[PDB]
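S.K.: Got a structure for you, written out below as structure tokens; questions coming shortly.
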Amino acid sequence: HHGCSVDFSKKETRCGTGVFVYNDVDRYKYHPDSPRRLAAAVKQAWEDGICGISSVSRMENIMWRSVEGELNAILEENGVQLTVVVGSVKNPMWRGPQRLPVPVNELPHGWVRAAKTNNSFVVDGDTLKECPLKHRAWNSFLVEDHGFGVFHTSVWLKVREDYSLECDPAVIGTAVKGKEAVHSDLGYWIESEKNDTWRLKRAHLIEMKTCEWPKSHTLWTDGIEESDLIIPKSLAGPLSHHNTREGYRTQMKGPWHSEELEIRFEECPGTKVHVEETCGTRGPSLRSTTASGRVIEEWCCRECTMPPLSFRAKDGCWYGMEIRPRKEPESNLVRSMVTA
Amino acid sequence: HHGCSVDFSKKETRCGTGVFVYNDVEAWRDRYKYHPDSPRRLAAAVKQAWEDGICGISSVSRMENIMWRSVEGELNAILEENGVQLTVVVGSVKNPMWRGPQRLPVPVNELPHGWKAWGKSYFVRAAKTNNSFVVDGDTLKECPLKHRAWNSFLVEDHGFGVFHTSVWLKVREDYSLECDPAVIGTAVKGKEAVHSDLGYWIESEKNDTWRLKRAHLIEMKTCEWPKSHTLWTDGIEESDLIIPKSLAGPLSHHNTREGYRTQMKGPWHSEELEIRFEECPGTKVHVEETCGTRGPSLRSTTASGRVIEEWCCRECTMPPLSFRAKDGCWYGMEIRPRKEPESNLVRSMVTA
Amino acid sequence: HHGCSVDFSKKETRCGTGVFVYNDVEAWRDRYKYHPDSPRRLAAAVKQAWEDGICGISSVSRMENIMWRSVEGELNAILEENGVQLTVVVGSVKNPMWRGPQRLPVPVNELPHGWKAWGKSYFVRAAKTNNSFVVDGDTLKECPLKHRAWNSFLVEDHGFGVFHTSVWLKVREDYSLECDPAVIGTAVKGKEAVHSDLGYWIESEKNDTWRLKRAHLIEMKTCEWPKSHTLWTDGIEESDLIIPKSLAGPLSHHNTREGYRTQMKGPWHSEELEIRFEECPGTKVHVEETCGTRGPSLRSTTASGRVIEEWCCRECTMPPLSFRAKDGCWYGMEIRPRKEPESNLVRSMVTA
Amino acid sequence: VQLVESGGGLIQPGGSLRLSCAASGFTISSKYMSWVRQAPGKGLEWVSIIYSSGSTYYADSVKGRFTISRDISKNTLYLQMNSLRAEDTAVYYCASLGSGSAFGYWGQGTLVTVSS
Amino acid sequence: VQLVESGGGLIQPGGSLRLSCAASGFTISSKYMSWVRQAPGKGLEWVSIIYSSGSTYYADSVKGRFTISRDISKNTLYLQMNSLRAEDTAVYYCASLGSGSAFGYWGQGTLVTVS
Amino acid sequence: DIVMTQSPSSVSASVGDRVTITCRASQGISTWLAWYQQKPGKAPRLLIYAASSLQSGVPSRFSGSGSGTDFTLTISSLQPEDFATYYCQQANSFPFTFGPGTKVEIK
Amino acid sequence: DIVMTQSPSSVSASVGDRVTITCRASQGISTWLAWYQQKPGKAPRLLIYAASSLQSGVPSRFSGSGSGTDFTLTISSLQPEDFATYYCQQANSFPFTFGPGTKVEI
């Protein structure tokens with residue numbers, strides 16, 4: 001609450017009390033409910049028909065990867081034939097219909113490694129065949145009362161007891177100051193600005209989620225349609241007027257298969273976009289460089305607004321859904337095969 | 001910006017970049033240099049406003065009153081240097097700060113005499129004139145409120161927080177009803193939220209539901225809080241806001257408390273109050289179905305200093321709603337005295 | 001105390017324990033609660049002082065003036081409840097704040113009526129009386145400065161820097177001439193030093209020698225800086241200090257500049273000045289042995305606003321000494337005009 | 001768990017009505033409450049929902065006229081029905097979202113008749 | 001300045017229709033622009049407003065069925081009407097708030113018939 | 001929900017006569033009322049705002065006065081151009097509401 | 001506006017016969033389908049959720065399957081208490097939409 005800040009443009013410094021929202025887009029050692037309650041919850045879930053876990057964010061994936069060894073140790077020394085194997089995470093992170101049950105009591109025995117078993121409780125990974133998504137749990141934890149803070153470095157989660165579709169509000173911070181705004185959490189950083197009306201400025205994402213952004217943590221939630229939000233509501237985008245840009249609609253077919261995205265309104269290098277009344281309609285997003293390395297140069301859009309929308313993937317520079325080539329046919333370019 | 005935050009229990013720090021919203025309330029605004037659009041430009045604007053029929057100015061907030069106080073001397077000097085029989089007289093601020101229908105024009109051509117900056121040191125104090133342009137004071141008798149201009153300035157750049165920076169203002173071209181959004185800061189982080197500007201500091205919390213926690217107001221302005229600077233704007237009734245929409249209260253679920261409605265008849269005449277949820281010293285509130293209906297707000301102590309002890313409400317929620325002004329405790333519109341008749345108690349005489 | 005410091009080149013922090021001296025000048029003193037020892041005790045003291053022959057108070061600083069303003073209402077009420085025909089009237093301060101020869105007595109017994117704490121809300125305002133106990137104001141005619149008490153309070157506990165703490169004061173039993181040391185902070189670290197209190201901020205540096213760098217004074221108090229709170233107090237003459245000893249200037253080698261003597265005839269009438277070593281705008285100073293002898297300080301512009309262009313000094317050193325007030329730049333006593341005679345210029349009429 | 005909805009009767013077209021739903025065995029601030037109606041002789045249709053956090057959504061049929069709310073003191077769910085028209089008559093149910101996204105617990109219904 | 005309305009006409013009950021009001025001589029985004037309708041044989045009635053910042057408000061008659069929009073590139077006002085009923089037949093105007101809080105500049109008006 | 005009422009319902013007058021029309025409010029608005037004139041087949045035209053001011057471009061013969069709940073509109077020297085319908089609308093709070101309208105005929 | 005279409009409109013089967021009911025969506029609605037049973041004069045009862053999962057307390061003779069756009073609800077052994085109307089509804093996005101319904105009689 002007490003701190004100091006500097007504005008390097010004017011080169012001025014000040015101090016005082018207030019609310020500070022930091023850019024965090026590692027330092028945490030995570031603590032679930034217990035090593036003796038999580039094991040009982042997993043045991044009951046397996047005996048109930050839930051074969052695995054689908055992660056909500058990278059936070060949960062890191063937690064499971066860190067706690068798997070100990071969890072197997074207790075679950076094996078207590079006489080249960082079950083092993084927890086955790087894989088990597090692929091984007092986007094889709095929902096699951098099941099929830100973990102809260103045990104009545106802990107496992108009696110518990111506080112050296114174990115051996116592989118024939119029963120697998122797969123956490124998020126490339127195992128969609130011995131555990132389909134229809135039988136997977138999702139969004140089953142809550143960060144505890146004071147489990148998070150600016151100065152914490154150790155986050156204490158608990159098994160949820162209810163059914164929700166929204167993201168955890170304990171890690172969300174949004175703020176507006178004058179002509180600049182931000183909606184952010186541990187994985188997003190979404191910026192806005194006031195030019196003539198409020199609009200999206202740039203967004204930096206290191207994960208694509210499918211929970212829902214809460215309305216209590218959103219600015220200007222009324223009078224907005226889901227067809228105008230650039231980051232779709234299905235991908236944890238805020239139902240806000242700060243999530244819009246004139247001339248563009250929701251990007252259902254962007255490159256959401258990526259691993260870390262970056263939206264900005266600027267042309268890809270060595271390309272030109274012209275507003276043309278005789279350009280093809282919208283559909284899947286295209287990449288500027290062909291699979292052979294050739295860069296496409298001439299693009300058109302029907303009634304979009306300059307500068308154009310682009311996605312800065314780690315492996316390329318994609319365009320928005322409204323921007324199409326003029327001469328080169330699109331049957332040979334690279335397209336995104338996922339939809340929101 | 002770039003900043004660092006500090007923990008005093010364990011002495012260390014956290015640094016980064018982001019958005020920082022400071023508690024700038026209860027700080028003296030008169031230690032800045034104010035630059036309204038231009039001395040020649042503003043003199044022409046005031047001249048044209050006087051010729052059109054506008055008598056004076058009704059101030060949106062205290063910052064404009066301080067601005068006019070800082071500027072009046074040079075403004076009168078520039079007017080005198082042009083042979084215009086007009087003097088600008090600046091008064092005091094009393095709450096609430098009501099609205100005027102007029103707006104201050106934007107002249108095509110400025111006056112062709114005088115200096116080109118504010119802060120020209122040394123000028124001859126000017127001479128009084130029989131024609132007076134009154135900035136808001138105790139003067140609602142020479143010209144009514146319906147001939148006064150209101151909300152006619154836009155802040156272009158500012159440095160509030162640093163006590164010798166410059167503030168740049170400009171006379172706008174449009175008719176507007178909203179407060180200036182250059183000085184508004186709203187932030188939520190976990191289970192706490194703030195809606196703030198240069199004069200308001202409103203806090204919220206997440207109990208079983210989101211609700212109001214406490215508010216600290218040093219003025220009662222009557223503009224409209226812009227919706228772009230509000231959290232959770234949808235699905236909220238205008239009849240449930242603790243701070244009325246007519247008093248620049250944000251239209252959000254963070255401006256709500258369970259069991260209370262809008263406080264149209266609170267003690268808004270105060271120079272500064274502070275809204276908080278607890279009982280007042282030596283008073284007790286009990287929920288009773290036989291208590292009277294809601295009406296104007298009442299003061300806990302009598303005009304003779306005698307404290308009333310027993311109060312009641314029909315369906316309010318504990319702790320009760322109280323306003324802490326310089327005089328003392330007031331109670332919300334829902335809380336009435338259980339025994340003593342209300343004709344022995346002082347009441348608020350204003351409505352939003 | 002425990003604290004942290006910030007470097008904004010590389011965003012990080014340095015924390016530890018120690019002694020921290022803060023710049024508390026040009027901060028509003030109106031936002032604290034003041035507790036002169038006791039309402040009945042203070043009333044008895046004022047009553048006994050009035051009966052002895054002491055007419056009023058001359059204020060040491062502006063903090064004491066604000067304290068008296070905060071106290072006067074309750075003090076008059078409690079004096080009235082005891083049947084004493086005496087009222088306390090508080091005025092405004094002007095510089096320099098001259099000192100008085102009388103002191104305020106400590107009574108044996110308090111008055112046997114009234115409440116026992118400051119801040120009792122709701123009191124019947126007292127009625128005016130023939131007898132007036134004037135705290136400093138523009139009232140040196142019903143009783144002169146030779147009948148006024150001065151420097152009769154000691155600060156026992158304070159929380160300056162936190163805007164809702166209490167300040168505890170008591171009436172001392174002895175006659176004294178030094179300033180109150182509870183609010184003084186002095187610190188040197190490397191090549192920079194500060195001598196500070198609630199109204200003074202005096203900076204020094206290490207060039208070839210230690211010298212005065214710049215000062216900022218928002219009041220002109222005439223107590224004496226304690227030697228316990230001064231650096232390098234030996235081997236220094238009282239006729240070489242830039243800020244006079246009679247103006248609460250530190251008796252230090254840090255209060256010196258080569259080529260200048262004490263500025264007894266500076267512009268000490270101003271409400272606030274800032275001491276610099278730099279030429280006034282549009283002016284040049286030349287070192288010549290033909291210039292006149294030092295006298296009262298002169299303003300850079302004339303009474304009609306015309307800027308003088310050329311000045312001289314006999315043996316001074318560049319950059320020249322100047323003062324910055326609301327009116328404009330003044331010059332040191334050693335710097336005289338080159339051509340235009342001094343009868344055309346505004347000169348200081350106050351001597352320390 | 002028990003759900004019992006109460007205030008459904010006959011009303012003139014263009015009028016207003018208010019239904020209530022009392023919950024037993026659980027607290028309403030922890031579940032996703034919804035309102036569903038079944039026209040006589042027809043199928044089911046979803047009207048509105050309220051999240052556990054307080055967010056509300058509606059169908060295009062009733063977008064601006066109905067509003068959903070709750071009270072935690074009485075542990076009760078409400079539905080304010082405004083400017084009723086002829087085709088609003090049905091049996092109104094009170095359901096909770098349990099898993100998958102299906103309604104596990106229902107009420108008994110309450111008939112609302114809109115005719116003149 | 002000038003305000004010109006657009007394509008009202010004939011539509012069946014339960015249908016949808018979209019109006020327009022093109023602006024000339026000023027920027028549409030610097031005014032408070034409203035829609036006012038007058039039923040044939042009746043008096044005036046206010047429908048919806050959009051602020052200069054983008055904030056919109058409506059009347060209880062058309063609360064969930066109409067939507068006031070604005071396009072700055074083409075400098076025109078918009079009104080999307082859905083689920084039109086029999087009592088929506090009127091002449092629609094576009095106006096501006098000037099001073100006091102009164103409508104200063106009016107368009108010509110466009111007719112809409114629902115049957 | 002503020003209902004605006006007018007009296008009378010129609011006025012017949014001769015050229016050069018003095019005409020007076022009144023507005024009535026359900027609540028207290030006290031400054032925020034404006035007057036409009038509508039000829040048939042044309043959009044209404046603003047005459048008076050803030051209950052007393054004169055909109056630029058209208059002749060000085062139109063006067064407005066009042067506050068609180070009772071407001072009046074007067075015409076000094078009637079002209080053949082001044083035969084139309086007149087409305088009063090409160091501009092205090094949303095929703096904005098007009099009056100029923102009073103029409104001036106030839107007598 | 002995901003339109004959910006059910007078929008057949010009615011079946012008349014005797015005790016002991018297997019019954020099959022199909023549901024169809026107008027779009028993709030992956031794996032997010034639920035089935036209900038509604039006897040006359042009572043509230044509906046949930047049987048299947050997530051297109052394959054069985055609700056606690058429901059007899060195991062009910063079984064459902066399907067993905068994408070085509071779904072199927074099957075009963076093994078009709079019982080005297082299995083004659084009612086059955087509904088399918090998608091749980092993918094708002095608004096939630098139900099199906100026309102299908103009656104199982106004799």
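Residue numbering restarts at 1 for every chain of the structure tokens, chains are lettered A, B, ... in their displayed order, and ligands are numbered from 1 as they appear.
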For residue 45 of chain F, please output as a PyMOL selection string all residues within 8 Å (counting only C-alpha atoms; exclusion window: fewer than 2 positions along the same chain).
M.R.: (chain E and resi 104+106) or (chain F and resi 36-38+43+47)
S.K.: Report as a ChimeraX atom specification all protein, DNA and RNA residues lying within 9 Å of residue 24 of chain G, evaluated on only C-alpha atoms, omitting residues in the same chain fewer than 2 positions from it.
M.R.: /G:3-7,22,26-27,69-72,88,99
S.K.: Atom CA of residue 109 of chain C and atom CA of residue 78 of chain C, how far apart in Å?
M.R.: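 Computing the Euclidean distance for atom CA of residue 78 of chain C and atom CA of residue 109 of chain C yields 15.2 Å.
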S.K.: With 9 Å as the cut-off and only C-alpha atoms counted, what is the closest atom pair between each nearby residue of chain B and chain D? Distances in Å to one decimal, ordered by chain and number, as JSON lines.
M.R.:
```
{"residue": "B:208", "atom": "CA", "partner": "D:29", "partner_atom": "CA", "distance": 7.5}
{"residue": "B:209", "atom": "CA", "partner": "D:53", "partner_atom": "CA", "distance": 7.4}
{"residue": "B:210", "atom": "CA", "partner": "D:53", "partner_atom": "CA", "distance": 8.7}
{"residue": "B:235", "atom": "CA", "partner": "D:56", "partner_atom": "CA", "distance": 7.4}
{"residue": "B:258", "atom": "CA", "partner": "D:71", "partner_atom": "CA", "distance": 8.9}
```
S.K.: Determine, using only C-alpha atoms, which residues of chain A have any atom at most 12 Å from an atom of chain G, and tabulate each with its shortest atom pair and distance in Å to one decimal place, rows ordered by chain and then rising number, as JSON lines.
M.R.:
```
{"residue": "A:48", "atom": "CA", "partner": "G:56", "partner_atom": "CA", "distance": 10.4}
{"residue": "A:49", "atom": "CA", "partner": "G:53", "partner_atom": "CA", "distance": 9.0}
{"residue": "A:50", "atom": "CA", "partner": "G:53", "partner_atom": "CA", "distance": 10.2}
{"residue": "A:94", "atom": "CA", "partner": "G:30", "partner_atom": "CA", "distance": 11.2}
{"residue": "A:95", "atom": "CA", "partner": "G:92", "partner_atom": "CA", "distance": 10.4}
{"residue": "A:96", "atom": "CA", "partner": "G:50", "partner_atom": "CA", "distance": 9.3}
{"residue": "A:97", "atom": "CA", "partner": "G:50", "partner_atom": "CA", "distance": 6.6}
{"residue": "A:98", "atom": "CA", "partner": "G:50", "partner_atom": "CA", "distance": 8.8}
{"residue": "A:132", "atom": "CA", "partner": "G:31", "partner_atom": "CA", "distance": 10.6}
{"residue": "A:133", "atom": "CA", "partner": "G:31", "partner_atom": "CA", "distance": 9.0}
{"residue": "A:134", "atom": "CA", "partner": "G:50", "partner_atom": "CA", "distance": 6.4}
{"residue": "A:135", "atom": "CA", "partner": "G:53", "partner_atom": "CA", "distance": 8.2}
{"residue": "A:136", "atom": "CA", "partner": "G:50", "partner_atom": "CA", "distance": 10.7}
{"residue": "A:137", "atom": "CA", "partner": "G:50", "partner_atom": "CA", "distance": 12.0}
{"residue": "A:165", "atom": "CA", "partner": "G:93", "partner_atom": "CA", "distance": 11.6}
{"residue": "A:226", "atom": "CA", "partner": "G:94", "partner_atom": "CA", "distance": 11.4}
{"residue": "A:233", "atom": "CA", "partner": "G:93", "partner_atom": "CA", "distance": 10.8}
{"residue": "A:234", "atom": "CA", "partner": "G:93", "partner_atom": "CA", "distance": 9.2}
{"residue": "A:339", "atom": "CA", "partner": "G:28", "partner_atom": "CA", "distance": 11.4}
{"residue": "A:340", "atom": "CA", "partner": "G:28", "partner_atom": "CA", "distance": 11.8}
```
S.K.: Could you dump the residues just selected with N, CA and C atoms as a PDB file, in the first residue's frame?
M.R.:
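Contents of selection.pdb, as written:
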```
ATOM      1  N   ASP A  48     -15.091 -43.016  -8.318  1.00  0.00           N
ATOM      2  CA  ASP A  48     -16.358 -42.462  -8.774  1.00  0.00           C
ATOM      3  C   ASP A  48     -16.523 -42.481 -10.289  1.00  0.00           C
ATOM      4  N   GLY A  49     -15.443 -42.604 -11.043  1.00  0.00           N
ATOM      5  CA  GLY A  49     -15.502 -42.618 -12.486  1.00  0.00           C
ATOM      6  C   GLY A  49     -14.754 -41.505 -13.205  1.00  0.00           C
ATOM      7  N   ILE A  50     -14.026 -40.657 -12.488  1.00  0.00           N
ATOM      8  CA  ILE A  50     -13.249 -39.576 -13.082  1.00  0.00           C
ATOM      9  C   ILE A  50     -11.841 -40.099 -13.330  1.00  0.00           C
ATOM     10  N   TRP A  94      -9.269 -26.698 -22.881  1.00  0.00           N
ATOM     11  CA  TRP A  94     -10.711 -26.868 -22.951  1.00  0.00           C
ATOM     12  C   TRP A  94     -11.285 -27.283 -21.598  1.00  0.00           C
ATOM     13  N   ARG A  95     -12.591 -27.079 -21.449  1.00  0.00           N
ATOM     14  CA  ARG A  95     -13.304 -27.371 -20.216  1.00  0.00           C
ATOM     15  C   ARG A  95     -13.549 -28.867 -20.055  1.00  0.00           C
ATOM     16  N   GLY A  96     -13.813 -29.261 -18.815  1.00  0.00           N
ATOM     17  CA  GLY A  96     -14.257 -30.596 -18.503  1.00  0.00           C
ATOM     18  C   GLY A  96     -15.535 -30.544 -17.693  1.00  0.00           C
ATOM     19  N   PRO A  97     -16.364 -31.585 -17.794  1.00  0.00           N
ATOM     20  CA  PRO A  97     -17.669 -31.567 -17.126  1.00  0.00           C
ATOM     21  C   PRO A  97     -17.705 -32.083 -15.697  1.00  0.00           C
ATOM     22  N   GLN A  98     -16.634 -32.681 -15.187  1.00  0.00           N
ATOM     23  CA  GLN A  98     -16.638 -33.281 -13.862  1.00  0.00           C
ATOM     24  C   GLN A  98     -15.947 -32.373 -12.852  1.00  0.00           C
ATOM     25  N   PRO A 132     -10.770 -39.850 -22.035  1.00  0.00           N
ATOM     26  CA  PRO A 132     -11.339 -38.793 -22.876  1.00  0.00           C
ATOM     27  C   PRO A 132     -11.773 -37.591 -22.052  1.00  0.00           C
ATOM     28  N   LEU A 133     -11.923 -36.459 -22.744  1.00  0.00           N
ATOM     29  CA  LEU A 133     -12.235 -35.207 -22.061  1.00  0.00           C
ATOM     30  C   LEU A 133     -13.597 -35.247 -21.384  1.00  0.00           C
ATOM     31  N   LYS A 134     -14.499 -36.117 -21.842  1.00  0.00           N
ATOM     32  CA  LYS A 134     -15.819 -36.210 -21.229  1.00  0.00           C
ATOM     33  C   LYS A 134     -15.759 -36.706 -19.791  1.00  0.00           C
ATOM     34  N   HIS A 135     -14.662 -37.345 -19.385  1.00  0.00           N
ATOM     35  CA  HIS A 135     -14.527 -37.904 -18.044  1.00  0.00           C
ATOM     36  C   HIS A 135     -13.462 -37.195 -17.215  1.00  0.00           C
ATOM     37  N   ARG A 136     -13.170 -35.937 -17.519  1.00  0.00           N
ATOM     38  CA  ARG A 136     -12.096 -35.200 -16.873  1.00  0.00           C
ATOM     39  C   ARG A 136     -12.661 -34.064 -16.032  1.00  0.00           C
ATOM     40  N   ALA A 137     -11.998 -33.782 -14.916  1.00  0.00           N
ATOM     41  CA  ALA A 137     -12.366 -32.686 -14.036  1.00  0.00           C
ATOM     42  C   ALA A 137     -11.700 -31.393 -14.492  1.00  0.00           C
ATOM     43  N   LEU A 165     -17.979 -21.710 -13.369  1.00  0.00           N
ATOM     44  CA  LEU A 165     -17.465 -21.649 -14.752  1.00  0.00           C
ATOM     45  C   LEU A 165     -16.535 -20.444 -14.863  1.00  0.00           C
ATOM     46  N   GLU A 226     -21.453  -9.747 -27.615  1.00  0.00           N
ATOM     47  CA  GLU A 226     -20.383 -10.733 -27.685  1.00  0.00           C
ATOM     48  C   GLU A 226     -19.773 -10.850 -29.073  1.00  0.00           C
ATOM     49  N   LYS A 233     -15.278 -14.269 -25.652  1.00  0.00           N
ATOM     50  CA  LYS A 233     -15.678 -14.619 -24.297  1.00  0.00           C
ATOM     51  C   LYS A 233     -15.412 -16.082 -23.983  1.00  0.00           C
ATOM     52  N   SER A 234     -15.411 -16.944 -24.998  1.00  0.00           N
ATOM     53  CA  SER A 234     -15.079 -18.350 -24.826  1.00  0.00           C
ATOM     54  C   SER A 234     -13.624 -18.569 -24.441  1.00  0.00           C
ATOM     55  N   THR A 339     -10.679 -23.493 -33.499  1.00  0.00           N
ATOM     56  CA  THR A 339     -11.691 -22.457 -33.376  1.00  0.00           C
ATOM     57  C   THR A 339     -12.086 -22.330 -31.912  1.00  0.00           C
ATOM     58  N   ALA A 340     -12.518 -21.131 -31.537  1.00  0.00           N
ATOM     59  CA  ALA A 340     -12.900 -20.863 -30.157  1.00  0.00           C
ATOM     60  C   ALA A 340     -14.281 -21.430 -29.854  1.00  0.00           C
TER      61      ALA A 340
END
```
S.K.: Give one line per residue of chain A that approaches chain E to at most 9 Å, naming the two atoms of the closest pair and their distance in Å to one decimal, counting only C-alpha atoms; sort by chain then ascending residue number and deliver it as JSON lines.
M.R.:
```
{"residue": "A:196", "atom": "CA", "partner": "E:29", "partner_atom": "CA", "distance": 8.1}
{"residue": "A:197", "atom": "CA", "partner": "E:53", "partner_atom": "CA", "distance": 6.6}
{"residue": "A:198", "atom": "CA", "partner": "E:53", "partner_atom": "CA", "distance": 8.4}
{"residue": "A:223", "atom": "CA", "partner": "E:56", "partner_atom": "CA", "distance": 7.2}
{"residue": "A:246", "atom": "CA", "partner": "E:71", "partner_atom": "CA", "distance": 8.6}
{"residue": "A:305", "atom": "CA", "partner": "E:73", "partner_atom": "CA", "distance": 8.9}
```
S.K.: Would you mind listing, as number ranges by chain, all residues of chain E that have at least one atom within 8 Å of chain B, where only C-alpha atoms are what counts?
M.R.: E: 30-32, 52, 55, 97-101
S.K.: Check every residue of chain C for an atom within 12 Å of chain A, counting only C-alpha atoms, and provide those that qualify as a PDB file with N, CA and C atoms, in the first residue's frame.
M.R.:
```pdb
ATOM      1  N   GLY C   3      13.114   1.350   7.605  1.00  0.00           N
ATOM      2  CA  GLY C   3      12.722   2.004   6.372  1.00  0.00           C
ATOM      3  C   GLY C   3      13.469   1.479   5.171  1.00  0.00           C
ATOM      4  N   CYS C   4      13.014   1.910   3.997  1.00  0.00           N
ATOM      5  CA  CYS C   4      13.593   1.510   2.723  1.00  0.00           C
ATOM      6  C   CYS C   4      13.756   2.728   1.827  1.00  0.00           C
ATOM      7  N   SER C   5      14.778   2.686   0.977  1.00  0.00           N
ATOM      8  CA  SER C   5      15.048   3.730   0.002  1.00  0.00           C
ATOM      9  C   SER C   5      14.998   3.134  -1.395  1.00  0.00           C
ATOM     10  N   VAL C   6      14.746   3.990  -2.379  1.00  0.00           N
ATOM     11  CA  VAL C   6      14.476   3.552  -3.742  1.00  0.00           C
ATOM     12  C   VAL C   6      15.433   4.236  -4.706  1.00  0.00           C
ATOM     13  N   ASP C   7      15.985   3.452  -5.628  1.00  0.00           N
ATOM     14  CA  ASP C   7      16.687   3.953  -6.803  1.00  0.00           C
ATOM     15  C   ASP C   7      15.875   3.585  -8.035  1.00  0.00           C
ATOM     16  N   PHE C   8      15.610   4.568  -8.894  1.00  0.00           N
ATOM     17  CA  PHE C   8      14.708   4.335 -10.013  1.00  0.00           C
ATOM     18  C   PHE C   8      15.419   4.102 -11.336  1.00  0.00           C
ATOM     19  N   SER C   9      16.746   4.221 -11.377  1.00  0.00           N
ATOM     20  CA  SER C   9      17.491   3.731 -12.531  1.00  0.00           C
ATOM     21  C   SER C   9      17.311   2.224 -12.670  1.00  0.00           C
ATOM     22  N   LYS C  10      17.783   1.475 -11.678  1.00  0.00           N
ATOM     23  CA  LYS C  10      17.524   0.046 -11.557  1.00  0.00           C
ATOM     24  C   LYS C  10      16.467  -0.124 -10.476  1.00  0.00           C
ATOM     25  N   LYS C  11      15.279  -0.576 -10.869  1.00  0.00           N
ATOM     26  CA  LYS C  11      14.138  -0.598  -9.956  1.00  0.00           C
ATOM     27  C   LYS C  11      14.382  -1.651  -8.884  1.00  0.00           C
ATOM     28  N   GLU C  12      14.850  -1.200  -7.725  1.00  0.00           N
ATOM     29  CA  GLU C  12      15.107  -2.049  -6.568  1.00  0.00           C
ATOM     30  C   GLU C  12      15.053  -1.159  -5.329  1.00  0.00           C
ATOM     31  N   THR C  13      15.390  -1.724  -4.173  1.00  0.00           N
ATOM     32  CA  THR C  13      15.253  -0.992  -2.923  1.00  0.00           C
ATOM     33  C   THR C  13      16.365  -1.394  -1.964  1.00  0.00           C
ATOM     34  N   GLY C 161       3.972  14.134   9.814  1.00  0.00           N
ATOM     35  CA  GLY C 161       4.108  13.245   8.682  1.00  0.00           C
ATOM     36  C   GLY C 161       2.955  12.272   8.542  1.00  0.00           C
ATOM     37  N   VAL C 162       2.215  12.034   9.622  1.00  0.00           N
ATOM     38  CA  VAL C 162       1.004  11.224   9.606  1.00  0.00           C
ATOM     39  C   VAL C 162      -0.161  12.133   9.975  1.00  0.00           C
TER      40      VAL C 162
END
```
S.K.: Tell me which protein, DNA and RNA residues are within 12 Å of residue 202 of chain C, counting only C-alpha atoms, leaving out same-chain ones fewer than 2 positions away, and put them as a PyMOL selection string.
M.R.: chain C and resi 23+25+184-188+192-200+204-205+211-218+230+242-243+248-250+252+254-256+274-276
S.K.: Name all residues at most 9 Å from residue 238 of chain B (count only C-alpha atoms; drop same-chain ones fewer than 3 positions away) and give them as a list in words.
M.R.: residues 241, 244, 245, 251 and 262 of chain B
S.K.: Please produce a file of the residues just selected, as a JSON list (two decimals), in the first residue's frame, where the atoms kept are C-alpha atoms.
M.R.:
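Listing of selection-v4.json after writing:
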```
[["chain", "number", "residue", "atom", "x", "y", "z"],
["B", 241, "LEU", "CA", -26.92, 3.18, -4.99],
["B", 244, "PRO", "CA", -26.86, 8.98, -5.48],
["B", 245, "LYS", "CA", -26.19, 9.18, -9.20],
["B", 251, "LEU", "CA", -23.27, 3.22, -11.11],
["B", 262, "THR", "CA", -30.40, 5.51, -2.25]]
```
S.K.: Against chain G, which residues of chain D fall within 9 Å? For each one I want the closest pair of atoms and the distance in Å (one decimal), counting only C-alpha atoms, rows by chain and increasing residue number, as CSV.
M.R.:
```
residue,atom,partner,partner_atom,distance
D:42,CA,G:100,CA,8.0
D:43,CA,G:100,CA,6.0
D:44,CA,G:98,CA,6.3
D:45,CA,G:97,CA,6.6
D:46,CA,G:96,CA,6.1
D:47,CA,G:95,CA,8.4
D:48,CA,G:95,CA,8.7
D:57,CA,G:94,CA,8.4
D:58,CA,G:95,CA,7.8
D:59,CA,G:95,CA,6.2
D:60,CA,G:95,CA,8.7
D:93,CA,G:43,CA,8.0
D:99,CA,G:49,CA,7.7
D:100,CA,G:50,CA,5.5
D:101,CA,G:91,CA,5.4
D:102,CA,G:34,CA,6.4
D:103,CA,G:46,CA,7.0
D:104,CA,G:46,CA,6.1
D:105,CA,G:45,CA,8.2
D:106,CA,G:43,CA,6.7
D:107,CA,G:43,CA,7.0
D:108,CA,G:43,CA,6.0
D:109,CA,G:43,CA,7.3
```
